[PDB]
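Shown next, in structure tokens, is the structure this report addresses.
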Amino acid sequence: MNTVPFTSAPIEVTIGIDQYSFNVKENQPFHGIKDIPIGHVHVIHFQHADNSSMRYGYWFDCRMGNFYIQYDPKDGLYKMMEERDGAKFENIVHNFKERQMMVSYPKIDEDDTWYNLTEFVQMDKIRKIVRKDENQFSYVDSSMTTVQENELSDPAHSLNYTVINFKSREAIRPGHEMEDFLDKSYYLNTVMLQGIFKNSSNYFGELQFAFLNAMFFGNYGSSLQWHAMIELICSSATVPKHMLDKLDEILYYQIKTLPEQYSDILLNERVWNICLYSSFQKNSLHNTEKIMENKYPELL
Amino acid sequence: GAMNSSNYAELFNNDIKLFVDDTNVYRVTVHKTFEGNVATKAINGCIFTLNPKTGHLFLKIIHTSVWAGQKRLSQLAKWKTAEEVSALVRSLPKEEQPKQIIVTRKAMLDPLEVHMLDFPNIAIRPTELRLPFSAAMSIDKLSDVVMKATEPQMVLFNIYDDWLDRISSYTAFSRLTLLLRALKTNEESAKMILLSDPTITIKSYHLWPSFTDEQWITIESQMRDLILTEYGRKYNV
Ligand SMILES: O=C(/C=N/C(=O)c1ccccc1)NO
């Protein structure tokens, strides 16, 4: 079990760790988060009490180094940093644990939610989507736009998701225009799976990352990417059976985890009704369709 | 964006454009089978592709054979139309290719858009106008060549005959849509109107009669009467 210590909490802030979150009061004696499960990526995120504008946060993997959070009063945010002096880091953490100034990552033992939300997410892939190679952790906020959003303005601060566009030459083979537009299996299986993602696990990992950035930061271009990657599968007549089964599980937990009050903005009525009721795979998402109809029947 | 009454003069400017109408591409007769079930038999169709500035009608005849052994023909027809329009643009020299193609039915947008991905600079546009191009098969010489075709075939017609010698494109198009609206609302009356006077002939190389300027006003007035009428007869007014 690992630890993210905080130098201090100078401004009042709501702190999220993965799907959990808690309130820290201005200059409350908070010194970080302990008992973080090793073996998963994690995200620690922040919404200032004053300016609820800009949710922001850091994707990291405690196996890739020792990370701490320190408020930067010039840039006005909680920054993630790496401690290279490993003895200094253990000594700091131990002092803070002895004084019990840390919140415990509060995983219930029956609970596989985070695993199920992050099953294919891998730090190495996150770092290709969020390019900041001098750090081992990745910063995301509400307002970052995606590469494809920029094509329709700061490239260094973008989310380099894989571009999916159903009305593109990549997606449509000359002479198979109707075939390829109405059945996107070529685009899924050959272009994206074989050509770009290499396997279904990398595909699913981008999809889960996009979903998580949408939910935790309300990043619009992230939600777009999640929906596009669902639609591309749902609109392919030929999908390996194992991919559809895992997709149903993946989405099931995404939908389970989504706040009930955020469904109106994070869920695209057209994509969902299409995927569940019109597409080739309308009968292949049994768990996803059941939770969707019991939790958000209004959308459908 | 979409094409409507507000931006109607854009049709007659000097950017090449084409209307594509697909309403006569897939035509059937519906009939009873011996077993008392119902069945369709396709008949020849056509794509109506029109330059509104010049009057050039690139009439692609859709021979029933294109349907053989195909499913979901109403959907195929949209794509087939798009493929034929796309082949047309590619056959024209660059300086003659349209800057815009305006589709009379929104269902043609995606099919056309996908077929024309090679032409990112050609805008594919819908319209809010209820244009009567479906009535093009009430023009006897166009229907004749469609129904006689034994294979796929492209036939070229100037839908304005020689009018542009005497009037503007804006007026030629407005006459054409009045004639076709009339033909669509009551074909018999409309045709009677156009032919009543046997002294006014249709030249061999034209689609419509050789009316003088004054005779066209009379005709145009009679078509308006017809369209008002049939509208009353329809809504009882
Ligand atoms: O020779 C001409 C007229 N050319 C046409 O009328 C025409 C008709 C349909 C398609 C292409 C050309 N210029 O005065």
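What follows is calculated from the coordinates using simple rules that are stated; it is not laboratory data. In this analysis, Cβ positions are derived from the backbone assuming ideal geometry, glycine residues included, and neighbour counts consider all displayed protein chains.
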Exercise. Please find the FRET efficiency linking B:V155 to A:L300, where r is the Cβ-Cβ separation and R0 is fixed at 35 Å, and quote it to the nearest 0.05.
Key: 0.10
Exercise. For n ≥ 4 DSSP H runs only, could you compute -39500 (n - 2.57) per run for chain B, divide by its residues and tell me the 222 nm figure to the nearest 500?
Key: -11500 deg cm²/dmol
Quiz item: For chain A, list the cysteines whose Cβ sits under 4.7 Å from no other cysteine Cβ?
Solution: A:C62
Quiz item: If r is the Cβ-Cβ distance from B:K99 to A:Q70 and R0 is 56 Å, what FRET efficiency results, to the nearest 0.05?
Solution: 0.45
Quiz prompt | Rg followed by Dmax, in Å, when region B:71-214 is reduced to its Cα trace | solution = 17.4, 51
Quiz item: What average count of beta carbons from other chains do you get within 10 Å of the Cβ of residues in A:178-188?
Solution: 2
Exercise. Could you order peptides B:140-152, A:234-246 by the average number of other Cβ atoms within 10 Å of their residues, highest first?
Key: A:234-246, B:140-152
Quiz item: Ranked from highest to lowest mean number of other Cβ atoms within 10 Å per residue, what is the order of the peptides B:31-44, A:257-270, B:219-232, B:79-92?
Solution: B:79-92, B:219-232, A:257-270, B:31-44
Quiz item: Using the Cβ atoms and a cut-off under 13 Å, what net charge is assigned to the surroundings of A:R173, where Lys and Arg are +1 and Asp and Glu are -1?
Solution: -4
Exercise. Between A:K246 and A:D133, with labels modelled 7 Å along Cα→Cβ, what's the label distance in nm to one decimal, could you check?
Key: 2.8
Quiz prompt | Alpha-carbon centroid distance for the pair region A:44-78 / region B:149-225, whole angstrom | solution = 74
Quiz item: Over the Cα atoms of chain A, what is the Rg over Rh ratio if Rh follows Kirkwood?
Solution: 1.00
Self-check item: Residue with peak Gaussian network fluctuation, chain B [Cα springs, cutoff 10 Å], from B:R130, B:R175, B:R27
Solution: B:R130
Quiz item: Using a ≥ b ≥ c from the Cα gyration tensor of region A:144-300 (square roots of the eigenvalues), is it rounded, prolate or oblate, where a/c under 1.5 gives rounded and otherwise the larger of a/b and b/c decides, a/b for prolate?
Solution: oblate
Quiz prompt | Euclidean distance of C-alpha centroids, region B:40-89 and region A:132-205, integer Å | solution = 34
Self-check item: Two-site FRET efficiency, A:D154 against B:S91, from Cβ-Cβ distance with R₀ of 45 Å, rounded to 0.05
Solution: 0.50
Practice problem: Whole number please: convex hull volume per residue, Cα atoms of the protein assembly as shown, in Å³. | Solution: 229
Practice problem: Compare B:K106, B:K17, B:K184 in a GNM of chain B, Cα atoms joined below 10 Å, and give the one with the largest fluctuation. | Solution: B:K106
Quiz item: Out of region A:40-96, which GluC sites (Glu not before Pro) are coil in DSSP terms and have no more than 12 other C-beta atoms within 10 Å?
Solution: none
Quiz prompt | Calculated Rg and Dmax of region A:1-143 using C-alpha coordinates, Å | solution = 14.6, 43
Exercise. Return the distance in nm (one decimal) between the two label points of a simple spin-label model at A:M101 and B:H31, each offset 7 Å from Cα along Cα→Cβ.
Key: 9.2
Self-check item: Rough spin-label spacing in nm, given labels placed 7 Å along Cα→Cβ, for B:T199 and A:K167
Solution: 5.5
Practice problem: Can you tell me the relative contact order of region A:1-143? Whole percent, Cα pairs under 8 Å, sequence separation 6 or more. | Solution: 27
Self-check item: Partner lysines for B:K99 [C-alpha distance under 20 Å; skip if fewer than 8 residues away on the same chain]
Solution: A:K167, B:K17, B:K53
Quiz item: Taking only the alpha-carbon atoms of region A:79-121, what semi-axes of the equivalent ellipsoid follow from 5 times the gyration tensor eigenvalues under a square root, in whole Å, largest first?
Solution: 28, 17, 8
Quiz prompt | Overall dimensions of region B:164-237 as given by Cα atoms, namely Rg and Dmax in Å | solution = 12.9, 41
Quiz prompt | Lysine pairs in region B:139-221 with Cα atoms under 17 Å, if 8 or more residues apart or on separate chains | solution = 4
